[PDB]
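Here is the structure we will look at.
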Amino acid sequence: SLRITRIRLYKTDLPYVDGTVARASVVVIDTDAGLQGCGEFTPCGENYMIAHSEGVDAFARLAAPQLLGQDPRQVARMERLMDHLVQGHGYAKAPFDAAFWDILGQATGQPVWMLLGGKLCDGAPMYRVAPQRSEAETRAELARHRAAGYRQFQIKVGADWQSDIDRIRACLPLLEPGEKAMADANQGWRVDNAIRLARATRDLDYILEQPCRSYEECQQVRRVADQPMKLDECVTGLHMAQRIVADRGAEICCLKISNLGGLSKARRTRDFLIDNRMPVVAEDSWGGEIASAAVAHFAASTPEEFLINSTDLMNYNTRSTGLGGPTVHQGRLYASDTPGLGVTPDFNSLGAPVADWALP
Amino acid sequence: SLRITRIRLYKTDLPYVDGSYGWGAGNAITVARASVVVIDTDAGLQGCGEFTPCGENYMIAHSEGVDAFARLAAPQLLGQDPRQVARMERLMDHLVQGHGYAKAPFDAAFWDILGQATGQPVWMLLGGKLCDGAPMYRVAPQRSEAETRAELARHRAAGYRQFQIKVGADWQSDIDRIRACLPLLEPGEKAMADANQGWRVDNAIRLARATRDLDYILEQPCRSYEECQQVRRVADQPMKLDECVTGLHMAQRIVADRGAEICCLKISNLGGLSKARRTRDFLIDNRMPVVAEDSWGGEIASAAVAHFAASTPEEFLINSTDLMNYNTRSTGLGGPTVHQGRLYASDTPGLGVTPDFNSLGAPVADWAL
Amino acid sequence: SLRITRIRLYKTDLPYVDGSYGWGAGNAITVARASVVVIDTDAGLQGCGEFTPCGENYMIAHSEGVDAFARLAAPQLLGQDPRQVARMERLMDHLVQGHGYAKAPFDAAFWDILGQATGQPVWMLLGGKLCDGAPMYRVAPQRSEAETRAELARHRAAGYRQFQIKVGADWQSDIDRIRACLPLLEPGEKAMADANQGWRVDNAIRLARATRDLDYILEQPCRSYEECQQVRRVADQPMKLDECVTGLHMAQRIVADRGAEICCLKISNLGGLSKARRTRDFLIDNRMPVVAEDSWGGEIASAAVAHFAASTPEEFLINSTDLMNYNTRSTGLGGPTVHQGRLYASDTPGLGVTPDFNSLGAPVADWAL
Amino acid sequence: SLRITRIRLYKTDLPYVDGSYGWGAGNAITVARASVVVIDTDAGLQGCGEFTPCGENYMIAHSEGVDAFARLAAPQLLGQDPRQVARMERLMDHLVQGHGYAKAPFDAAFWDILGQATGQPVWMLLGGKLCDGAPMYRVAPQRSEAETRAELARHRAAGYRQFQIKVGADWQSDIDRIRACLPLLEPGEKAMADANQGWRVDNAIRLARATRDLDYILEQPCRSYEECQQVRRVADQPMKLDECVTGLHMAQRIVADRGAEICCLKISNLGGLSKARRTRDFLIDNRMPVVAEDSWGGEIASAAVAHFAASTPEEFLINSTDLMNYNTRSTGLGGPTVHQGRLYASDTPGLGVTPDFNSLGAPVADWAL
Ligand SMILES: [Mg+2]
Ligand SMILES: [Mg+2]
Ligand SMILES: [Mg+2]
Ligand SMILES: [Mg+2]
């Protein structure tokens, strides 16, 4: 027997470590037994997926009055309640969902990964971005990452196909045979140009990541490209996951929690793709300790054999959303083993809540 | 050159005329929450636009998401040329992906301004008057039984010849009200039974089989397109697809499958007049009959609809509707008129509607300079 | 209110600037035959439009067919309101089926009149200035290595970064043509090998195989779409479809198969500016890169091309072309301009072109109200 | 050895025998405009051909298009060997693309010359007399129960066993026409409801469902093939496809989908007797029932029809028609004959018809070697 007694929405700025600021949305849910749950949505750019930072407010102003008095431990009941209140807008339902999972974990005395089936991966592999500099300086920097445990690297591309060809051709002979490189275009290329790129780099082993915006443009690129393809921002739910599997249309599916509509749907999409023997990346768009805690539990419950990587989202910002969260040890991401999400809100960083709903 | 100098967002309550408007699987609205966007320019031309949902869970659209979008978009829209509608379209689409419902009132205001600057009604800029008076339908909502026999004689004498039976809350009694409404129709008349996504697929099939000997239009029996196609395997009745018609991509699927007999085009579900126009033109070029509509709303939303309907070829326009007449309160001064069961657009420049500032009250948001 | 009071048809020869133009399988044009439609109204607004083929066998189109259509339709078009472009389109499609190239000059005259009536350039009415300056290509060229390098450096200095290789008459020496040209281009430059429907399917495959190590655009290698798809099974090069892109129907199946990397849109091949616009918009919403052009012609044909180009998103517009600059004679006064290898539309009301009555001569036909 | 020495184009009015001829969605033909091509040779062998539309908007074909094609192609055909019909076919298709209706009279004239040079009727050159007297239909009637009975009794006694009901202007009263006509004909007889592209897809489906218990032929209910296939989702009646059957490509699509029970073959819609023969032979090899006919016209068009019918296997030939008997005026001297409700081709060399030069008047165009 449990009831939601208070819902608060927090908003804070998260500046990037190398310079520029993402807008965080934290939801804090209180119960009549005094169990507190938190969840976070933070976009990396407002135009990046069908998701923006102000949409959490909007959803909360409609839903939070209807969520008071309900039992947060029942994550799927809360899921169906939210999906009956508004259709879509999953990015905005996502912080609530995570907070409900946090509460269920506290009530059960278990970490969120245990409620997701167990620890199927002890330390999710991680990647390092870039480097975008001199040849001898990239060589020194990749050696620093390599010594520290990293074997995967993300070439950030997608703003100019022609110089992107140069970036890929320059980076790949600078890494060892045991090492992965994903050229992530972030939906950036036009279909003709992505094909020019793929043809120019056909003699190279790298992962071709979300070359174009839509799934169909990506499949058109795939008609020519032999490189293992990774689909990301277009993986928006189970429907898309079903179509990718039916087409066998990717070698890796990247699973971002808030793009999938929260940890509940993200887990179901993951479970679906694992059962179809599709390798996956477990992450989210952006964020601090609260978003990262959800990510780490999500990765820890993914089979080691099918988990490509995850990411330490909290280490990209100079400011915090939460106290605690996941940790990094030797280039691997580790979930908490303490009950719930293993993260509480950082109220000092968050400020006064922008909105507050409570039971009488 | 023209520049956007000011953007204001207004919110008001639009109560329903009959009291309760029962739709779908147990939903009802007593009051709809309107969102009105008002755009001012440096030549003193003012545009306006409206999104109002009929139910906050009806489509991928809710009233609070308009504010959220405007807080993001409106600062970036200031100083832009509002009469370049497709520049404004792609700018709004560069600022945020999706959320077409929220862009829809801005888009309408832009079309309004363009009409004023050209000295032409919005129907002219949409291709001309291809239908003089869109035929109308009268929706009888979810209520009793012996009282719809007088509702028909009311609307029959009023000029209407098309009627919507609201169903979807219980397939079994729904069979009975389809079966009792149809023999009350006259020869030159039509009836659509709208489930508003309400039936579970097996129950929509039971209904289709129990009413197989009847001539009516089966409208959006289930939530998804795939569910409706599953119903269509068994159902011979002309099918009308509505809330699942989200845009051109779905329109392409429907045409490729030849998967409906009517496609319903709700302006804000399509993401504004710009995208609504393009989806309309696509379906007509593929000889698919259409309904020109929006979700709900007052005079500003109804002005857009009327021009949408007026620029649709009459050979392919099933009906349209007078949304402003469903409410006890207003959003705009002006808008379309009705005469003998047909909806007539304004012939004055722009949308032919100005904001009812007295009804709307103080703006909830105001960006300027 | 506006009424068409006079329809006149003009015919004139436009000789090619460099003697003989070789396209496709050995075909040669030295003089192209222009058809110009001039439309008068009761409020003194005059519109004009043009269709000029490159060759008479180049597409489903020929110069004498405009006369034949005008002889049927021009009596029926008198008294109508030319501002209502979609009404005129529907009316023309009602009088005859197909013959889009013949309806195309009328459609351009109607857009011109609408522009003038609204005080806006045709690009505004097509959505806005979405590309300020369309990229252009050079047609070049056929000589020694040093003379090729010199002429390409002058084009490069003139602002050109796109080059068309005229092929299609002989697959075997076309292979060599391609191999000679590419190493003389710089990184980033586009080369299109336009066979103009010229290769037999097996020979096109041989060419694709012998040039698989090369970065160029393979353009319309065969007549039919199916043939081009059969080449596409082997060819990894970006494929541009042109003369087979005849309308929305074909557009839809190119999209469904993801059948090309570029779709080339010739206004008269699509049946006029109204249909061309709609096919453009469909392809752009499906994120297909496009070329905005026409078959051939003087200033009147070129004015429509430039507005069509200017209202295409810069992101997806591959190139356009300055058709008027290929001829020694004129159909119109005014038209588009060329600046630093880019094609610019006019910003004055309408198409921004008036008929060159002295060059055109006496009308071959005249219908008055 | 033989050479074309002279080509002449004639134009004449063919008034309809019964005043006005109501077809499709609100069309009427009172006078049809014939185009007759006359080809002379150096051995004194003369051939003639004809194209006459049944309404200018009926198919992708109009009367003025023959003139336009001729003006471009006829100077290029002088000196050529007209007996080599495939060489002439391929030359025409090289000179212009499409416009097969305009090529059709030239094609007929070449088959005429070949039959004369070989001393054999055209049916012999198309494979033989595979049907001795093609079965005919009567387009009757359109009136009262007392008057339909007397009219079907005179038609029955005259040998007729197949009846076309002209519908497609009002689906609702077309239901009633079908329902009132079918029980007024005996066991052996047949009836086809030809909507002539006239119904909208939703209305065609309503008609199909209302008459789902009845034995008739659903002919061309909607314009496009895809619209017709959508109707066919619901309609179990034998479907007859007509105007959309434009050539072999569409015949291949139809065969692949098995998308009709009868294919109607109009010579001029297929681009002439040569393409018409190839499309028929392809469909017969795929065991598709066919109708062998043409759009409209006098004795010259009807001569080609009768030879087309006579060389169609009788197991698969549904019917043919006596086109010459629909008009009050002539294009030719001779042509086919009618006996006991069957259409009979001539057995004399060539088409069996000469041009009625007196009815045709002065040549509108004249090309000489
Ligand atoms: Mg990615
Ligand atoms: Mg509906
Ligand atoms: Mg080309
Ligand atoms: Mg027929």
Side-chain angles (χ1 to χ4, degrees), chain C residues 2-17 31-53 63-71 73-75 77-80 82-83 88 101-117 119 121-122 267-268 272-273 294-307 322-338 345-369, chain D residues 68 71:
Chain C
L2 198 65
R3 291 152 208 78
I4 290 173
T5 51
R6 196 170 180 188
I7 291 154
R8 280 175 299 187
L9 180 68
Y10 292 86
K11 286 190 91 55
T12 204
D13 288 347
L14 300 170
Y16 176 60
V17 79
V31 158
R33 232 286 148 87
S35 303
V36 169
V37 170
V38 172
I39 309 221
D40 291 301
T41 62
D42 56 0
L45 301 182
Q46 188 190 90
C48 69
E50 178 193 339
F51 164 64
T52 306
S63 53
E64 284 301 318
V66 183
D67 307 43
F69 171 73
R71 282 195 303 267
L77 293 178
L78 293 168
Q80 294 291 312
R83 298 171 308 171
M88 296 298 96
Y101 64 97
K103 301 173 174 156
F106 287 82
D107 180 54
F110 300 149
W111 277 98
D112 185 16
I113 284 156
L114 179 57
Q116 288 178 54
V122 171
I267 288 174
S268 64
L273 191 46
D294 210 357
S295 46
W296 208 247
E299 290 82 0
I300 305 172
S302 302
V305 165
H307 286 107
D322 58 338
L323 299 169
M324 72 285 181
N325 283 338
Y326 288 102
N327 310 307
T328 48
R329 293 185 78 257
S330 306
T331 51
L333 267 15
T337 51
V338 177
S346 294
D347 298 323
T348 52
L351 285 181
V353 70
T354 64
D356 191 348
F357 289 110
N358 292 153
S359 298
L360 284 172
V364 303
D366 197 333
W367 300 266
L369 181 57
Chain D
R71 283 195 301 265

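Naming: A, B, ... by sequence-line order, numbering from 1 per chain.
If you look at C/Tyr101 and C/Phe69, their ring centroids are not closer than 6.0 Å.
No side-chain donor-acceptor contact under 3.5 Å links C/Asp294 to the backbone of C/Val305. Panel note: side chain C/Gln116, backbone C/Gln46; a donor-acceptor pair is recorded below 3.5 Å. Counting only distance, with no hydrogens or angles, the side chain of C/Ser346 and the backbone of C/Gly335 share a donor-acceptor pair below 3.5 Å. A side-chain donor-acceptor contact under 3.5 Å links C/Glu50 to the backbone of C/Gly298. Side-chain atoms of C/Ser295 come within 3.5 Å of backbone N or O of C/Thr52 as a donor-acceptor pair. Side-chain N or O atoms of C/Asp67 include none that pairs as donor or acceptor with a backbone N or O of D/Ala68 at under 3.5 Å. Of the possible donor and acceptor atoms, one in the side chain of C/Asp107 sits under 3.5 Å from a partner among the backbone N and O of C/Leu273. In this structure a side-chain-to-backbone donor-acceptor pair under 3.5 Å is present from C/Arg329 to C/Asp13.
C/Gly65 and C/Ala102 get closest at one heavy-atom pair: O-CB, 3.6 Å. In terms of heavy atoms, C/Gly352 sits closest to C/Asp112 at N-OD1, 4.5 Å. Here the closest non-hydrogen pair linking C/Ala345 and C/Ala306 is CB-O, 3.5 Å. Nearest approach of C/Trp296 to C/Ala301, heavy atoms of both residues: O-CB, 3.9 Å. Of all heavy-atom pairs spanning C/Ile39 and C/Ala109, the tightest one is CG1-CB, 3.7 Å. Closest heavy-atom contact between C/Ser330 and C/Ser359: O-CB, 3.4 Å.
When side chains are defined from C-beta on, C/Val38 counts as touching C/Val36, because their heavy atoms get closer than 4.5 Å. Between C/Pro82 and C/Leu2, some side-chain heavy-atom pair lies under the 4.5 Å cut-off. Taking the side chain as every heavy atom from C-beta outward, C/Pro336 and C/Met324 approach each other to under 4.5 Å. No side-chain heavy atom of C/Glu299 sits under 4.5 Å from any side-chain heavy atom of C/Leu333. Using a 4.5 Å cut-off on side-chain heavy atoms (C-beta onward), C/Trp111 and C/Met88 make no contact. Side-chain contact between C/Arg71 and C/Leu9: absent, with no pair of heavy atoms (C-beta onward) separated by less than 4.5 Å. Inter-residue side-chain proximity for C/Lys11 and C/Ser63 is flagged as met; some heavy-atom pair is nearer than 4.5 Å. Using a 4.5 Å cut-off on side-chain heavy atoms (C-beta onward), C/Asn327 and C/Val17 make no contact.
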| task | Show your working on side-chain contact (heavy atoms from CB on, under 4.5 Å) between C/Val37 and C/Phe110 and close with a plain yes or no. | result | CA-CA 10 Å; C/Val37 170; C/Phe110 300 149; over 6 Å; no

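Relative orientation of the C/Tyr326 and C/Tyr16 rings is parallel, given thresholds of 30° and 60° on the angle between their planes.
Residues passing the side chain to side chain donor-acceptor pair (under 3.5 Å) test with C/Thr354: none are found, sequence neighbours excluded.
One finds the CD1 atom of C/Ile300 at 6.0 Å from the CG atom of C/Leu360 (value rounded to the nearest 0.5 Å). Once rounded to the nearest 0.5 Å, the distance linking CG of C/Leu45 with CG of C/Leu114 reads 10.5 Å.
For the pair C/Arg6 and C/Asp366, the salt-bridge criterion is met [side-chain N within less than 4.0 Å of a carboxylate O].
A donor-acceptor pair shorter than 3.5 Å cannot be found between the side chains of C/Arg3 and C/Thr41.
A side chain to side chain contact (heavy atoms under 4.5 Å, CB included) with C/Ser35 is found for one member of C/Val66, C/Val364, C/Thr331 and no other, namely C/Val66.
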